[PDB]
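Peer 1: If you scroll down you'll find the structure; I have some questions about it.
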Ligand code: CLA
Ligand SMILES: CC(/C=C/C=C(C)/C=C/[C@@]12O[C@]1(C)C[C@@H](O)CC2(C)C)=C\C=C\C=C(C)\C=C\C=C(C)\C=C\[C@@]12O[C@]1(C)C[C@@H](O)CC2(C)C
């Protein structure tokens, strides 16, 4: 869709998409590996 | 003549000076007056260190010391130097410091007042008996020999000091004896890589 | 045992904290039916707590007199996993970001009006630039040696 | 020379002149030519050391299993007792690697700088290209043709990933490489990465 | 060593260094620094009528130029080093490194 990809390219729409994806990533990591205080995998 | 083949030579290090192998990475001798001061101080450090290496090895081979044992007597109040077993009657700490200061200050401050930068490093005359200065074709060779043996003695003094730092209570000939007894398992590797 | 801290698998105050939190959760677990959904969520939180304390036990965390995992960030290998192994993992990721957003800014620096790409991000160009920062440390290293990291005004 | 992803074009900085030039630079690392000629050398040396490493941690194992000669499995090979210490080896591997690697450094800085011996000044090295010294590094005198350089870089790129596979097949498996190969050939559809995790 | 001997010897060996050894260096450094310069001019040249370098106290005769102020300076160093010697010797302190 022309000019919708330009709107979704705009800084707030793109920032909310990036930070929603990133926040879901961190959230699901903390579900998978909750309560982390060390990196023991070396 | 180059400390590292392939590295470009500094334009102020041509090779004409004795021991001028072009080693100035940090760029200290870029201005010529500082370079003359550095040459004088290099030769002074060299001569002192290479006089010191006999004064460290010889009294440890036969003098019954280990070049730091010769200093512990002054760290304890009451006790004087054992110059080849016999005690010296010239006092222990303060008066030897007085004689050292009053002698080497005079010597080094009559050295300081020299203005000719060649006599500032290579005075000669009274400091050149035996006439080993009347032929520059070999005097340049001898200056290179002085610089080379002196840089070797400076590195050997780093060896003394750091072998004293790693092993606190020993001497260099004891280090060489340990390396001749068991050379592989008693080298630097146990210190650069400490097991704990 | 550095800095006068007993390990957390051996610290009695750490186990006491575990037991206190577990009793605090169980006292909230009694009010619900044992098969109900709040009760199951509380039990899942209880197992999460128990394995959290077990994992802080096994990962070499040191516990003080208060009985809480302290982080030894000095450089001791036994505790690199507390600060340095994460820290590098930060400086990588962070240096990914800055090496991306910088590179993007250099790729849209030569436009006519380069400000209308700051607010309207070229997703193709940004996606091409994003993975350039995967192995960013060698690019930043070489650009420091080549002088392309610092503008010459 | 060829292409690694036919949908993509080889970048302008990879003209095909170099050996192994399949155009693989998606992340634009060798965009500056100085970085390109440095990473050529880094590739060659990491690949040659990886070939030696893989050949020194696999061939011990395919000879241990068949019983021709019993030797440790490259991760229990450090803890064995040798005629020197655990650090004396590091001292020697510092003393006489600093010398050979700094001379290689001076070569990859300026090519014709370091080719003659310090001691025996007559026994120089021929003017070969950078990363390919020749001379006493070529005693059998097999020619360094471009096909041979491509074969070198291919086996080296393969040995690098082989070493990485070894490190990750001991980090999250615990066993040796060839034992993992025999475990795969036992039941390939049940002895893979997606059964260990 | 009695303290009078210590004081006399250290003072003598201090103004001996000052008269003969560390004279030309001190005096050439003095001439190098010269005077305190307030905005190019000296303190007395700019005014103040009190920072005039005294010459009635510095004119004293000597073939090399020793003045009473150098006698005070080398000699204050003398008494100081002497009392350092005396107190450091009279204090029975064990450095006990070994
Ligand atoms: C700046 C200060 C600071 C610091 C240092 C921390 C640090 C931490 N917090 Mg705290 N926190 C902070 C501020 C801070 N927080 C603030 C301000 C708040 C309020 C908003 C919180 C609220 C908070 C809560 C509520 C929780 C934490 C948790 C945590 C832990 C995170 C565990 C986790 O999910 O990471 C895991 C790691 C990641 C998510 C990073 C993954 C990155 C991706 C996957 C890329 C990595 C791979 C990459 C490709 C490289 C691979 C190498 C190579 C192969 C290429 C950690 C100890 C959690 C915890 O466990 O408690 C201790 C937790 O529950 N924090
Ligand atoms: C040198 C090397 C290994 C050397 C190993 C040695 C000496 C092993 C020695 C031993 O085993 C023995 C013999 C015996 C044991 O007793 C002792 C040890 C000591 C254990 C590995 C390099 C290993 C190097 C590796 C794995 C590098 C992988 C790089 C990749 C995949 C790069 C990808 C890219 O960079 C490109 C190509 C282009 C970019 O544009 C895009 C991306 C994608 C970023």
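Numbering starts at 1 and runs along the chain as displayed.
Note: Cβ is positioned from N, Cα and C throughout, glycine not excepted.
Below, the features straight out of Swiss-Prot:
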BINDING   B:45  chlorophyll a 2 binding site
TRANSMEM  B:48-68  transmembrane segment
TRANSMEM  B:87-107  transmembrane segment
BINDING   B:145, B:163  chlorophyll a 5 binding site
BINDING   B:149  chlorophyll a 4 binding site
TRANSMEM  B:152-172  transmembrane segment
BINDING   B:179  chlorophyll a 6 binding site
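Looking at the shown structure, can you explain where the listed features end up?
Peer 2: Within the same chain, the residues at least 6 positions away from residue B:45 (chlorophyll a 2 binding site) whose Cβ sits under 8 Å from its Cβ are B:150, B:154, listed in sequence order.
Among residues of the same chain six or more beyond the transmembrane segment (B:48-68), those with a C-beta under 8 A of the stretch's C-beta atoms are 82, 84-85, 149-150, 152-154, 156-157, 160, 164, 169-174.
Residues 73-74, 77-81 of the same chain lie 6+ residues outside the transmembrane segment (B:87-107) yet bring a C-beta within less than 8 angstroms of a C-beta in it.
In sequence order, B:170, B:172, B:175 are the residues of the chain that are 6 or more apart from residue B:163 (chlorophyll a 5 binding site) and have a CB within less than 8 Å of its CB.
A C-beta separation below 8 Å, combined with a sequence spacing of at least six in one chain, links residue B:149 (chlorophyll a 4 binding site) to B:46, B:50.
Residue B:179 (chlorophyll a 6 binding site) carries a helical DSSP state (H, G or I). In sequence order, B:186, B:187 constitute the residues six or more apart from residue B:179 (chlorophyll a 6 binding site) in its chain with CB-CB distances below 8 Å.
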Peer 1: Just to be sure I understand the packing, how many Cβ atoms besides its own are within 10 Å of the Cβ of residue B:145 (chlorophyll a 5 binding site)?
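Peer 2: Result for residue B:145 (chlorophyll a 5 binding site): 13 other Cβ atoms within 10 Å.
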Peer 1: What kind of secondary structure is residue B:145 (chlorophyll a 5 binding site) part of, going by DSSP in three states?
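Peer 2: For residue B:145 (chlorophyll a 5 binding site) - judged by DSSP and reduced to three states - the answer is helix.
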Peer 1: Need the DSSP three-state call for residue B:45 (chlorophyll a 2 binding site) to compare against my parser.
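Peer 2: The residue in question, residue B:45 (chlorophyll a 2 binding site), is helix (DSSP, three-state).
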